[PDB]
Amino acid sequence: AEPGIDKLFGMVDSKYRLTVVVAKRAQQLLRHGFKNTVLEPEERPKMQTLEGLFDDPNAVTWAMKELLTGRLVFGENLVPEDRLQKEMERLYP
Amino acid sequence: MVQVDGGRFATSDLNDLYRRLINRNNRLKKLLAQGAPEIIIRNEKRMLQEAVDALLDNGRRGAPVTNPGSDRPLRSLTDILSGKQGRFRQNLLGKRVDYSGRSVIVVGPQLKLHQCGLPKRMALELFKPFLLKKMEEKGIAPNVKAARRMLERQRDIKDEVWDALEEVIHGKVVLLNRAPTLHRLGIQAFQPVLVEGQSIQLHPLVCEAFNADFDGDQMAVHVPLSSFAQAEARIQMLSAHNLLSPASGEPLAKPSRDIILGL
Amino acid sequence: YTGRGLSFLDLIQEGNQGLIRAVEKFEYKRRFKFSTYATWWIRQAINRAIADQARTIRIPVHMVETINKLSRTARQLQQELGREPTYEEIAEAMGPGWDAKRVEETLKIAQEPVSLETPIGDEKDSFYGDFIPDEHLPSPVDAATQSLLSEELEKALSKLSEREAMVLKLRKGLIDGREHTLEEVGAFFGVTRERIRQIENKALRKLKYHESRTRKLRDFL
Amino acid sequence: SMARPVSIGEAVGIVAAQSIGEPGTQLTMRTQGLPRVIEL
Amino acid sequence: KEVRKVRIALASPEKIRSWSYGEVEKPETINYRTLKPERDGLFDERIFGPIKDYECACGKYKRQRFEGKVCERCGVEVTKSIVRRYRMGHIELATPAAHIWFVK
Amino acid sequence: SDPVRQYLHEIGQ
Amino acid sequence: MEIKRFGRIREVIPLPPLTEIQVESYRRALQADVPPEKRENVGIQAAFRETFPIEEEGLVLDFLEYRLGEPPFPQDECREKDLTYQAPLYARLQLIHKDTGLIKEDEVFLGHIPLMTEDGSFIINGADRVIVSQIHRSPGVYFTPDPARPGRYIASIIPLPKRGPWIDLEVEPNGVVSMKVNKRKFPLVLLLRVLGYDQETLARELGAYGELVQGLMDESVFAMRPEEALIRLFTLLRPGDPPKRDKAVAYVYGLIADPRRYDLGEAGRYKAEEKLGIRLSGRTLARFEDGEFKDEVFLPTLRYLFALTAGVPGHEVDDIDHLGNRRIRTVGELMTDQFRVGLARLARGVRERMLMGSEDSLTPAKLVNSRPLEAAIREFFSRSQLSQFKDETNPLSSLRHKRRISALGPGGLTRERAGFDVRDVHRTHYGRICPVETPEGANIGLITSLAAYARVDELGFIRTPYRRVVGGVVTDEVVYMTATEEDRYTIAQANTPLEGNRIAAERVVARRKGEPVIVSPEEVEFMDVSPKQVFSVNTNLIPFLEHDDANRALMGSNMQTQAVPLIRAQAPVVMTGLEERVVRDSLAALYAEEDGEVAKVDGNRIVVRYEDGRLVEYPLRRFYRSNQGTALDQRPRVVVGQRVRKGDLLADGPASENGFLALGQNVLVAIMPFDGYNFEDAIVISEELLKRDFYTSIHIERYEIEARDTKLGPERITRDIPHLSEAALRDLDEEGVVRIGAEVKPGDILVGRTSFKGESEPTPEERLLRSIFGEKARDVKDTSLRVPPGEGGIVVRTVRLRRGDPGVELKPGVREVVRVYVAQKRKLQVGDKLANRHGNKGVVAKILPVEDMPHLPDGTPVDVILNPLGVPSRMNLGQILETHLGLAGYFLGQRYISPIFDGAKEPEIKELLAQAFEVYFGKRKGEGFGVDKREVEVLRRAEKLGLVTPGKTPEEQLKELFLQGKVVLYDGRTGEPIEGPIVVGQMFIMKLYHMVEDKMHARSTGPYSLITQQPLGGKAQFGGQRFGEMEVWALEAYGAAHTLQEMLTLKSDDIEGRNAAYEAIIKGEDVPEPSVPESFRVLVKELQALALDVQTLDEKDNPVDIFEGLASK
Amino acid sequence: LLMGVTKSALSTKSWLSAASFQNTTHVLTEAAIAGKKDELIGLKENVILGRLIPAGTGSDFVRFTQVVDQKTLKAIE
DNA sequence: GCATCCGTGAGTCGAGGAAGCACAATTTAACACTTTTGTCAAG
DNA sequence: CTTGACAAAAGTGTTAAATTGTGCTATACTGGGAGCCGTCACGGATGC
Ligand SMILES: [Mg+2]
Ligand SMILES: [Zn+2]
């Protein structure tokens, strides 16, 4: 099973809301090149390569780990979509 | 009206139905212009009505219209949209898809519940666009088109392609499907494990849900592409998450024949 | 005349057209019965209609008569030689001006198209149309490489001057879509024909130099 | 499938149809068995 | 905008003519020798559009610069060839013919 | 229902 | 390796020729060897005498004789040149001018009749084909009860298929007997009057039954003349036609009295005479002679119907599924029927040609056009449902295909329109149709096999042999008899004990009309020849069949057909006795014609010096590719100077070992679970099988390419392909074809071809690219033939056919065709399917090294590990008994013949196991070894399970286990024994034709369909997987809205979406939001073509254009 | 009123789902005359048009959910 | 109310791919001559 | 930045073959031909 899947299901009122949050956060991480992550350097997902350990390229894996931390805020009608993207682009060029 | 590779022409049956209607319509115009008797005009009008009927719905009224030299009825507009082979059930409610494979299944007892054994050569073809990007990122190929030429010939594939493919599939999942898909557990998402060989390795605990034995069954492989498609498969459709039966609520991934016997 | 590509009622209505023509031209002064003179026009009208409406791809009457004569000659030789004639025997029997090449071309012309809905196998779930690819629309691979080439060519043209890039993109039809000429581009910039070919040759030489030093553009060729 | 209250947005109509028809093959056919279900 | 509803209705003779880009007057499909579509036929380029992108039948216009233009020599619109999947024609019946769906 | 029979009957009048 | 034979039943007669159902019927149809004056009126000779003489009504075209010539090309040439193996047909016809009285005779060429090879198949367009026999209702007169109304019966008169309409006679509730023809009902009183029947005749004949005759005594029409009654009947049958005497008599005569349009058949006429107790002069319902109609069958049919309704003892209803009421149409009858249809078309052409055009100067050559005849014959052998692609995976596959009986085809049942009744095993199937062998699935009971001893008679009714029993002694007189004849006798069973020839048992198990009964020896009238006559050839090859469930024996017999030939194929240790006959009757091996001495032996030919002195050279078929791709080769089994007797084996065919059918390998088997690799029918094998090349087969693939004439120019098969390096062209010879012996892998070039590019201006970016690099665009492009994905091997053969070559009839515009044969040697691998004769099948899931497999205490590892959990549910205990006998045979070095239902019993197997233990354990004692410590632990456990007797010595307890087929087995991984004794033995396992190499397929992108623009399907076309309705439901149930939308749009038919998706992935980006599918656009336009205005609206009901402005005027 | 599953499905309000099930000619001939408008409510209609089905992650209850981290949230506020 | 007829429906994947002829009207293939680039020196 | 000279290359005007379209045959002919055939269920439809 996915790590912490039981905790993830308990954090939302509908299991399909969990998928929407994770999939949207995965797109945000990909769009900004993982520079907007809420994960500390000791917490970043890693993959084992022949050269050595590198950052995990799977943004769905990152979003699940981030959402377990509790530093992400999700909901409906939080901020305007245009205003949200413009601020996030400014913070993370 | 397409020309096949051999130079022969292939056409649909609607062209014959349209041609008859036009031939009869033009002939009626000529007969009307010549002041033909009513019997001739009436017969021509009756044929014109029947030509419209055949084009719209062939075989509904009277003898079906067949192409001369054969007894196969011509396919009309109504036949195109109706039936099990019509537009709705064959092309709208179900489709053939890209990024899909198929092979024989064998049992993988060493796998985890969320894992499957995907052959390397199926995985190379299924994840080809992702692989070409990864090959370009590393020094394997200068660009994507050069990378694609490398994979065309089997003897030109180097040993670093398999390392890149291992990197491509990390974290991703694929959908395994066995027909008939009687219930929703006939499609399940698994984390692929690249294996040497040509057969898909299936976990023993999911055989009951798939209704699969190992006397020659085959399964289909599908690759969800976007983050939404991956997130849905990894969260909702993963095998390790669907352990109870939706019909009754009882366990559906549970110890089976040999496992019960040993315990 | 049934079984030659037209249905029975279609033959009747085409025959009626010949009958109308016969009435117009019939002369009772000659004391011949009407059925004698009408039979010529009815058969003519039916035969012409078969020559015009029995094929999805229409073949002119003169070519249809050639095909009919060629089929008869092959049939006569086939029953006389006790085997299927080759193109040489058919051509020789047809007469002067006919060789084996012409017989093969005529037979190739006389090939009817095959239906896209013909079943294959006992199961009625497979047809010809399911095995014919569409080769008109570009594939996803072809579309991608065209965009990749356009992106790479645009980057290569950046190293060129502002005017040198414009000349090549006008002469090669990268702007208006259609190739321009030395004079037409010359009117655009107010320069004569001779100068443009010199600067274009110079700009083309620079692109060869840059491509040689990078080799980032040879794969698309 | 989860032993917890159903989440809003689930296609229970499809799940109901699949649940009923999946064991349809196991029903005896020989007013009894699958013919009884079909008339009902 | 976004498709929210799909409506089905009867088509008047006026609407059928408004759909059509031209009347199909001949049963000819393509030429037997040149394999090109025949004029006024079931595959006419002047009705259903060009076979290849931005190219008329007579081959006078062959580039996108003349987009949305109709060649005066041949009458074929200079546009994308994919419009051939979407453009309909029509047949003007000499006498009215009933629709079999609303009869049988 | 048979167009040929219907035509033959009509011309027989 | 001696062979020990079991059994007590002495078979009095051998098996009939196994392909005589095909071979004998076609000889009768053609009659090519009997002189023309001695030909009987059957086959095409009857068809000639039926259509001819052709009369214009004063020109007559008469038929005198026909003849068949030698085939133009031999069989091997036809296969290589894609020809049909056929013989020219000539007919001697004479034209008679009845006016003048002049006869002109000449021989006309009527075309070619396809010839049957010696094995019973045809070569149609270079491909082997088999015509499958068809079972249908026999023609005749039948009396079935009315289901709607009890106590009433309906008479049905059935002619030959497509040889007349079905006739129904029913007594209506009013009392009027109604005759139904062509779905039209009318009173039989009218037609009976047309036949010249008065009131006194009917009262005299049919008046002895009751009020039924009073229902046939309507005097409103009896006073009416037969001429006027005939016109009244003609009006009722066809209303509208102008009533004319000449037209009316023509229709009625053609309906029931015309031999050329109504044919009751030889079988139908025989059944009618047998049932109604009359004698038919011909094969028609009535005869028209002397300008009047004479009745043949209506009165006897009505007499039987009336008497049956009344309840006379001698009359009974007819069981339509009774196998005496069902007949077989063989290849000879099916061909003749199509020959007659084509001959009628030729006669129609002659009639319409002899009334117009130089009537005085006519010849039989000018009138006769044989094109309708050749078209009908070629249609039957190519586009018939019964004309099937020959199944030749192994010799048994081809033997089975020729003995198959199909209820489908033109003139038969429909797959979905067939009820349980046609699919059931009728009681009369005993000895005539195999009860077990049938295709499981939608065709169960619709395709069947002929039983081993059964034969089809002249009339098409299956017969089975029975031994005559008189006075309680069984004689050697064997009588072949049909199901209807079999119902009259008490037939005993073949296992009845006999003391010499006298029946010894006081109680004899017998059958009376299919019901099992117990009788005395003096009540027995016939006896079964053998238990083998109940089953087909495939089912007779299953040892210990009596211990297997029928559902699993069906799988066993079907899977034997799918077994591939092996380079080290070996005959089973336990056989039934038919292995030698199958190879002999399949004509795959080579046998000596008579006594002689072998002169030359080679891998290519064998030369034998016979006793009479003649030298005969036999070329050996080497590495030939069958229809299925398997390699079929013959290997010499004789040496130079060896003396051979008549019938001695010279060379093994495919899948035969010294003349014994060898479909697999004999391997050491342990029946035990192993680490979950045996799970759910999976099989574990050892690597030692691969080391010694067991289950290794040779498969050949054929690749074809054509050079065509095109408007742009001719395609060239050449080595000079543009833009190719020398590495890609290394294996191609100067002619552009790959050299023989080269190893080819996917993507390699087999045949190099260049095609002229279509005239089209290049894109500006490409043109700038060419300008930068200074490369001139060529006029030709690569269209060469390459090895497909997943394929390859060794090039063994190249065939090059060119236009104008002798016998090469290339299609117009094709300059040449090149065929490449690539052979690969396939070893057993994971995913390959194995099976035994008892229905146990599975795929190889694990290949273990030799040091990991369980082994015997002497150090011998087992080869295959089978899961015991596949036995109890399937109830196929024959594999267990085969394994026990195999274990005994493995240590005694011998093979066994145990016939089905009369063979090895457990006491005989146990005495063989006692001998095998003596050599297996006595060897250990002599070598100086006692009982293992590990064996002692297992014996201690075994006595706790009750497997051995307490208090015995270990040797005695080890022997007790051995007599049960169990041994102490060690684990190769730990060295410790398995805690329980394991059933280990030697079992015969087949490698089936289903291989994962031919089934693995994947695809990212590829060809798309023309209209829907969706991916094509199939591995051959590099197609996608069908995501049907049920798969969509699963995604909907999961709630995967975005996964479902991608498969509907981005991955199937969203042209803009799929192009943007691929471009996004290779750029490292996420795929874009999809758009409207192209199939929905096809839906809208197709709905608009029906004059329906379909419009897509938005939230505010405003139209939304889904065609991007491309369809708006 | 009680009706079977076949009759209940064929009498549904959406002509697209009814036409794709059975009686395509009958369903379409009645829909065309009535000028019926399909609101795309169920699952089959959305599948036919290739839209996002109104179930699971395509349902309006959860479809518009937004995710944002704390630092960006303060920047917007 | 009741037979009778007409229509519609009946699992999924896969793998198999038979006139001629004359004459007129129209289109097309060849040249022959301009007009227009393309490419040189001259600057 | 041009300025004349040349050399193909595409455009234009006749010109004939080659192809294609159409009219015309005068003893007397006057209503077609293959269908033939093993389910069973429902709902509905005038009809009576
Ligand atoms: Mg299975
Ligand atoms: Zn144009």
Side-chain angles (χ1 to χ4, degrees), chain B residues 4 60 84 102 177-182 186 218-220, chain C residues 1-4 8 21 25-27 30-41 43-44 47-48 50 60-63 65 68-69 71-72 75 118 120-123 126-128 130-132 181-183 191-195 197, chain D residues 21 24-25, chain E residues 33 104, chain F residues 2 4-5 7-12, chain G residues 136-137 158-159 161-166 181-182 241-242 247 255 261-262 320-321 349 352-353 369 389 407 411-414 416-419 421-422 442 998-999 1017-1021 1025-1026 1028-1031, chain H residues 4 6-7 22-23 26:
Chain B
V4 304
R60 186 66 176 84
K84 175 154 51 181
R102 176 180 216 91
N177 163 250
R178 193 212 160 251
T181 314
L182 294 180
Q218 296 188 248
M219 270 207 206
Chain C
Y1 284 81
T2 67
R4 301 176 55 167
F8 185 40
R21 186 89 200 102
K25 290 178 69 68
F26 180 80
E27 300 185 337
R30 306 196 187 184
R31 286 189 170 85
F32 297 114
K33 297 220 62 180
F34 180 77
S35 179
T36 299
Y37 186 68
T39 305
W40 282 104
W41 280 106
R43 296 197 314 238
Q44 178 270 331
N47 193 4
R48 195 77 83 186
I50 293 182
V61 175
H62 74 90
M63 199 66 222
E65 302 176 349
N68 294 333
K69 172 172 207 274
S71 295
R72 293 191 308 99
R75 188 175 71 238
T118 50
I120 50 179
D122 290 358
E123 300 181 358
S126 183
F127 301 97
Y128 280 10
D130 303 355
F131 301 82
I132 304 184
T181 183
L182 276 67
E183 190 272 330
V191 189
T192 49
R193 300 162 67 246
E194 166 64 7
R195 175 59 171 175
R197 62 171 288 274
Chain D
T25 303
Chain E
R33 188 180 68 182
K104 298 301 305 300
Chain F
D2 198 0
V4 178
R5 185 181 296 276
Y7 185 64
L8 293 182
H9 173 266
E10 289 172 359
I11 74 178
Chain G
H136 73 106
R137 299 189 51 182
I158 307 175
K162 292 181 175 66
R163 296 292 294 158
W166 286 26
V181 184
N182 291 317
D241 287 359
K247 297 299 293 294
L255 180 83
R261 301 185 72 245
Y262 195 97
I320 56 156
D321 278 312
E352 88 180 331
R353 185 178 292 172
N369 179 18
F389 206 53
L413 297 156
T414 304
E416 293 85 3
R417 309 284 77 77
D421 292 331
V422 299
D998 301 320
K999 303 201 169 191
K1019 171 174 175 176
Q1021 294 83 23
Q1025 298 300 313
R1026 161 82 183 179
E1029 290 174 279
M1030 324 194 60
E1031 288 80 28
Chain H
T6 303
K7 184 172 174 64
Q22 270 179 190
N23 281 78
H26 184 79

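Proteins get letters first, then strands, A, B, ... in listed order; numbering begins at 1 in each.
Close to J:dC36, at under 4.0 Å from its OP1 or OP2, lies no side-chain N or O of G:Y262. Regarding contacts with the backbone of I:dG16, every side-chain N or O of G:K1019 stays at 4.0 angstrom or more from both OP1 and OP2. A close approach under 4.0 Å does occur between a side-chain nitrogen or oxygen of C:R72 and OP1 or OP2 of I:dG20. The phosphate of J:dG44 (OP1 or OP2) has a side-chain N or O of H:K7 nearer than 4.0 angstrom. Contact annotation: G:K162 side-chain N/O to J:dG35 OP1/OP2 distance is not under 4.0 Å. Using a 4.0 Å cut-off, some side-chain N or O of C:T36 falls inside it from OP1 or OP2 of J:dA28. Checking the phosphate oxygens (OP1, OP2) of J:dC29, a side-chain nitrogen or oxygen of C:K33 falls inside 4.0 Å. Look at G:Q1025 and you'll find a side-chain N or O under 4.0 angstrom from OP1 or OP2 of I:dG14. An OP1 or OP2 oxygen of I:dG38 is reached within less than 4.0 angstrom by a side-chain nitrogen or oxygen of C:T181. Regarding contacts with the backbone of I:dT37, every side-chain N or O of C:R197 stays at 4.0 angstrom or more from both OP1 and OP2. Phosphate contact (OP1/OP2 of I:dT8, side-chain N/O of B:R60, threshold under 4.0 Å): present.
For J:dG23, the base has no donor-acceptor partner in the side chain of C:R21 [N/O atoms by modelled type, under 3.5 angstrom]. Looking at C:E123, its side chain comes within 3.5 Å of the base of I:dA15 through a donor and an acceptor atom. With hydrogens and angles ignored, a donor-acceptor pair under 3.5 angstrom links the side chain of G:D321 to the base of J:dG38. On a pure distance criterion of 3.5 Å, no polar donor-acceptor pair joins the side chain of C:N68 and the base of I:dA18. For C:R48 and J:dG21, a side-chain-to-base donor-acceptor distance below 3.5 Å is absent, hydrogens and geometry of angles not being considered.
Among the nucleotides J:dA28, J:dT39, I:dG14, the one closest to the side chain of G:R417 is J:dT39. The side chain of H:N23 lies closest to I:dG9 when the candidates are J:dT19, I:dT37, I:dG9. Counting only heavy atoms from C-beta on, C:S126 has its side chain closest to I:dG16 among J:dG32, I:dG16, J:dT3. Comparing J:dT25, J:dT2, J:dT30 by their closest approach to the side chain of C:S35 singles out J:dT30. Of the candidate nucleotides J:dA26, J:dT2, I:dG17, J:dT2 has the atom nearest to the side chain of C:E194. Side-chain proximity of C:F32 to the nucleotides I:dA41, J:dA28, I:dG9 is greatest for J:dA28. Considering only the side chain of B:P180, I:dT12 comes nearest among I:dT12, I:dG20, J:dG31. Among the nucleotides I:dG17, I:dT39, I:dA18, the one closest to the side chain of C:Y128 is I:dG17. Minimum atom distance to the side chain of B:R102 is reached by I:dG14, of the listed J:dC37, I:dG14, I:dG11. Nearest to the side-chain atoms of C:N47 among the listed nucleotides I:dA18, J:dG38, I:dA19 stands I:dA19.
As judged by a 4.0 angstrom heavy-atom cut-off over every strand, C:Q44 is placed among the base-contacting residues. At the heavy-atom level, C:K69 lies nowhere under 4.0 Å from the strands shown. Within the nucleic acid shown, C:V191 comes within 4.0 Å of sugar-phosphate atoms alone, with no base atom in reach, counting heavy atoms only. Residue contacts shown for G:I158 are absent, as no nucleic acid heavy atom lies under 4.0 Å away. Nucleic acid contact for C:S71: sugar-phosphate only, since backbone atoms but no base atoms lie under 4.0 Å from a heavy atom of the residue. Among the heavy atoms of the strands lying under 4.0 Å from C:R30 is at least one base atom, whether or not backbone atoms are also near. Among the atoms of the strands shown, only primed sugar atoms or phosphate atoms (P, OP1, OP2) are found under 4.0 Å from some heavy atom of G:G1018. Within the 4.0 angstrom heavy-atom criterion, no nucleotide atom of any strand lies near B:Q218. Across all strands, C:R75 comes closer than 4.0 Å only to sugar-phosphate atoms, never to a base (heavy-atom distances). In this structure, G:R353 reaches neither bases nor backbone, as no heavy-atom distance under 4.0 Å exists between it and the strands shown. C:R31 comes within 4.0 angstrom of no nucleic acid atom, judged by non-hydrogen atoms across all strands. The residue G:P161 sits apart from the nucleic acid: no heavy atom pair falls under 4.0 Å. Using a 4.0 Å heavy-atom criterion, one finds that G:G419 contacts no nucleic acid atom at all. Using a 4.0 Å heavy-atom cutoff across all strands shown, F:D2 reaches at least one base atom of the nucleic acid.
For J:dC36 and I:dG11, the P atoms lie 26 Å apart once the distance is rounded to whole Å. Nucleotides J:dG38 and I:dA3 are separated by 24 Å at their P atoms, to the nearest Å. Nucleotides J:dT15 and I:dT37 have their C1' atoms positioned 29 Å apart, rounded to a whole Å. Spacing between I:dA25 and J:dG21 at atom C1', rounded to whole Å, works out to 7 Å. Nucleotides I:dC23 and J:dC29 are separated by 33 Å at their P atoms, to the nearest Å.
G:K999 has its NZ atom 14 Å from the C1' atom of I:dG16, to the nearest Å. For the pair C:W40 CH2 and J:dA28 P, the interatomic distance rounds to 14 Å; values are reported in whole Å. To the nearest angstrom, P of I:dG17 lies 9 Å from CD of G:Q1021. Atom-to-atom, CG of G:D998 to P of I:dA15 comes out at 11 Å; the value is rounded to the nearest Å. At whole-Å resolution of the value, CZ in C:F131 and P in I:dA15 are 9 Å apart. One atom, NE2 of C:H62, and another, P of I:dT26, lie 16 Å apart when rounded to the nearest Å.
Judged by the sign of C1'-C2'-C3'-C4', the furanose ring of J:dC37 adopts a north, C3'-endo-like conformation. The torsion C1'-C2'-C3'-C4' is the criterion here, and for I:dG16 it is positive, giving a north pucker. Pucker check on J:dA45: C1'-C2'-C3'-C4' positive, sugar north.
Between the side chain of C:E65 and the main chain of C:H62, no donor-acceptor pair closer than 3.5 Å is present. A donor-acceptor pair is defined here as one N or O able to donate and one able to accept, closer than 3.5 Å; such a pair exists between the side chain of B:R60 and the backbone of E:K104.
Nearer the 5' end of DNA chain J, as judged by each residue's closest nucleotide, is the contact made by C:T192, out of C:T192 and C:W41. Along DNA chain J, the nucleotide closest to C:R195 and the one closest to C:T2 are compared, and the more 5′ of them pairs with C:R195. Place B:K84 and C:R4 on DNA chain I by their nearest nucleotides, and B:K84 ends up nearer the 5' end.
Using cut-offs of 30° and 60° for the angle between ring planes, the C:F34 and C:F26 rings count as perpendicular.
Side-chain contact check for C:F131 versus C:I120: some heavy-atom pair is nearer than 4.5 Å.
Base stacking between J:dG32 and J:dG33 is present, with six-membered ring centres under 5.5 Å apart and ring planes under 30° to each other.
Under the Watson-Crick or G-U wobble criterion, with both distances below 3.5 Å, I:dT34 is paired with J:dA10. Of all nucleotides present, none satisfies the Watson-Crick or G-U wobble test against J:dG38 with each distance under 3.5 Å.
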